[PDB]
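A.B. asks: Chains as they are written, first to last, in the authors' numbering: chain A, 23 to 113; chain B, 23 to 113; chain C, 23 to 113; chain D, 23 to 113.
Ideal placement from N, C-alpha and C gives every residue a C-beta, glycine not left out.
Could you have a look at this structure, given as structure tokens, before my questions?
Protein chains: 4
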Amino acid sequence: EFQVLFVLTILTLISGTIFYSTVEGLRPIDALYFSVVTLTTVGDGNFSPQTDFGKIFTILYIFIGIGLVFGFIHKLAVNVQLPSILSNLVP
Amino acid sequence: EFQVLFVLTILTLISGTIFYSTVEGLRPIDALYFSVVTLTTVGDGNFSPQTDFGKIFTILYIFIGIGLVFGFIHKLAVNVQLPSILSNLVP
Amino acid sequence: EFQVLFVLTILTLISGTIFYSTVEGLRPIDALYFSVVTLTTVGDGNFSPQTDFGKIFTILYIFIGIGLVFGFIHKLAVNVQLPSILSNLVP
Amino acid sequence: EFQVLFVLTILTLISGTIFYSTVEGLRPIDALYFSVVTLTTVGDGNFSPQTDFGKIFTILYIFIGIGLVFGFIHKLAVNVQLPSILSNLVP
Ligand code: NA
Ligand code: NA
Ligand code: NA
Ligand code: NA
Ligand code: NA
Ligand code: NA
Numbered sequence: 023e024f025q026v027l028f029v030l031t032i033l034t035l036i037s038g039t040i041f042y043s044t045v046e047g048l049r050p051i052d053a054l055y056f057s058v059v060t061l062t063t064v065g066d067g068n069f070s071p072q073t074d075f076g077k078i079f080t081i082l083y084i085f086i087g088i089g090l091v092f093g094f095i096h097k098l099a100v101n102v103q104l105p106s107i108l109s110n111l112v113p
Numbered sequence: 023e024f025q026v027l028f029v030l031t032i033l034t035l036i037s038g039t040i041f042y043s044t045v046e047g048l049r050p051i052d053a054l055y056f057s058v059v060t061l062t063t064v065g066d067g068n069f070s071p072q073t074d075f076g077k078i079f080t081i082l083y084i085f086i087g088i089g090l091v092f093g094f095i096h097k098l099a100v101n102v103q104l105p106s107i108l109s110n111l112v113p
Numbered sequence: 023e024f025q026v027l028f029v030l031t032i033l034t035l036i037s038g039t040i041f042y043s044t045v046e047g048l049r050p051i052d053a054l055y056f057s058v059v060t061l062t063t064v065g066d067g068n069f070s071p072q073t074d075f076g077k078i079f080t081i082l083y084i085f086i087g088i089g090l091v092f093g094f095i096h097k098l099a100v101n102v103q104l105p106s107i108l109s110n111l112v113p
Numbered sequence: 023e024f025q026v027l028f029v030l031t032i033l034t035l036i037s038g039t040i041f042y043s044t045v046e047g048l049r050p051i052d053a054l055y056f057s058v059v060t061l062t063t064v065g066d067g068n069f070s071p072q073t074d075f076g077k078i079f080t081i082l083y084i085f086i087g088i089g090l091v092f093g094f095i096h097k098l099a100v101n102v103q104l105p106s107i108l109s110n111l112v113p
């Protein structure tokens, strides 16, 4: 259940990082940052894709990735955080 | 169910793209990018509407579009992704 | 139900617009834009509060406003949009 | 219930503020602003981490903090706002 969504999102973040460092010429660490702030809908205030290929990629990358990247956070906050921090409140 | 929300959001993204390329003078591919990052609440870190008409349009475009654009992602992640990737885990 | 949340969010957006045009020196139409992109979590890619008073105001303005501003969109998309566009699909 | 999530998020915002003022060289009030706009997914349109350590920290800080920071807003809008403003509508 939780170990499946953990890999589905890693494959999704590794896909983004490979695309932006290649088409947009960004350093790998930067392309993983832009990819993460997008699927989480935080967004980057300094960089926006400057190629026609990047603009179209980001649009389709949002509608596909936000469903699962946000689907893992829901499982990562209710499977691991809730019970662990909850079962912690027993003195 | 899912084929209805697919067209409701396309009509909503085509509406945005036509407005920003005309009032703000943006190239069409850019206006579709700004329109997508808004309804998904990602946001663009380089461009903000520079006309009084664009500022008011974006405000009303957010409160109307975010309800359905996010209503399709919910259906696109539970109707197509969940069962397909789930039914995939059968060896 | 829906007419109550409609005024709760207007009072919340009118509060933001009055604060940023005064403390940050923004034109009123700009302060209403920055206030809307914040409570909806879209965010503005050109302006960030440049006064210590504005930085603290925005933080507390997010945790209080996002609960209701997003609580109206939920009602505005299920009370008015769902049944209207749904009852529309009857030929 | 609500007093537990109130401290879990303060510890989470105090963690962010200490990291960005130190690694990125930001003034404390600025690091608390960047930390708040991130966990709420608003995002800052002027600053993005400029060190390799900051870029990696922000990525892991998003996936851990957004689950609880958004889990408190849900409780802060349904435990305190709903009944208070609702019980207010009795003349
Ligand atoms: Na969001
Ligand atoms: Na954002
Ligand atoms: Na943003
Ligand atoms: Na700039
Ligand atoms: Na957002
Ligand atoms: Na900028």
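1. Give the interface partners of D/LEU90 over in chain E, defined as CB-CB distance under 8 angstroms, in chain order.
2. Is C/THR80 close to chain A, meaning its C-beta is less than 8 angstroms from at least one C-beta of that chain?
3. What number of angstroms, rounded off, separates the C-alpha of D/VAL91 from the C-alpha of D/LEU98?
4. Could you check if A/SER70 is buried or exposed, using at least 16 other CB atoms within 10 Å of its CB as the buried criterion?
5. Would you identify the three-state DSSP class for B/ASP66, choosing helix, strand or coil?
6. To the nearest angstrom, report how far apart D/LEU27 and D/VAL58 are at their CA atoms.
7. Is A/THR63 close to ligand 5? I mean its beta-carbon at under 7 angstroms from any heavy atom of the ligand.
8. Report the neighbours of D/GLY87 on chain B: residues whose CB is nearer than 7 angstroms to its CB, in chain order.
9. Any beta carbon from chain C within less than 8 angstroms of A/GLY76's own beta carbon?
10. Do residue 118 of chain D and A/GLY67 have their C-beta atoms within less than 8 angstroms of each other?
11. Return the Cβ separation of A/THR63 and C/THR34 in integer angstroms, given the expectation that the two are a contact with Cβ distance under 8 angstroms.
12. Can you give the Cα-Cα distance for residue 115 of chain C and A/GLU23, rounded to whole angstroms?
13. Can you tell me whether B/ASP74 is buried or exposed? The criterion is at least 16 other CB atoms within 10 Å of its CB, across all chains shown.
14. So with CB distances below 7 angstroms, who are the chain C contacts of D/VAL58?
15. Is any beta-carbon of chain A found at less than 8 angstroms from that of B/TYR55?
16. Just to confirm before moving on: does the CB-CB distance between C/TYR42 and C/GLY76 stay below 8 angstroms?
17. At a CB-CB cut-off below 8 angstroms, which residues of chain A make contact with C/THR63?
18. Take C/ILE95 as the anchor and find which of B/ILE95, B/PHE56, B/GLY87, B/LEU104 has the nearest alpha-carbon.
19. In chain C, which residues lie less than 9 angstroms from D/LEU111 when you measure between Cβ atoms?
20. Apart from the five residues just before and just after C/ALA53, which ones in its own chain have a Cβ nearer than 6 angstroms to its Cβ?
21. Using the C-alpha atoms, what's the distance from C/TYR83 back to D/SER106?
22. Cα separation between C/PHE79 and B/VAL112?
23. By how many angstroms is the C-alpha of A/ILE81 removed from the C-alpha of B/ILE32?
24. Does A/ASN110 come out as helix, strand or coil in the three-state DSSP assignment?
25. Where C/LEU61 and D/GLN103 are concerned, what is the direct C-alpha to C-alpha distance, given to the nearest angstrom?
26. Measure from the C-beta of B/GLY67 to each C-beta in chain A and report whether the shortest distance is under 8 angstroms.
C.D. replies: Inspection of the coordinates gives the following:
1. Judged by its chain identifiers, the structure shown contains no chain E, and its protein chains are A, B, C and D.
2. no
3. 10 angstroms
4. buried
5. coil
6. 16 angstroms
7. yes
8. Those do not exist, as D/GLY87 stays about 17 angstroms from chain B at its closest Cβ, beyond 7 angstroms.
9. no
10. An answer regarding residue 118 of chain D cannot be provided, because it is not within the stretch 23 to 113 covered by chain D.
11. Not confirmed; about 21 angstroms, so no contact.
12. Not covered by the structure: residue 115 of chain C. The range shown for chain C is 23 to 113.
13. exposed
14. Those within 7 angstroms of D/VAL58 in chain C are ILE81, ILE84.
15. yes
16. yes
17. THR63
18. B/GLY87
19. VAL26
20. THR39, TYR42, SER43
21. 18 angstroms
22. 52 angstroms
23. 12 angstroms
24. coil
25. 16 angstroms
26. yes
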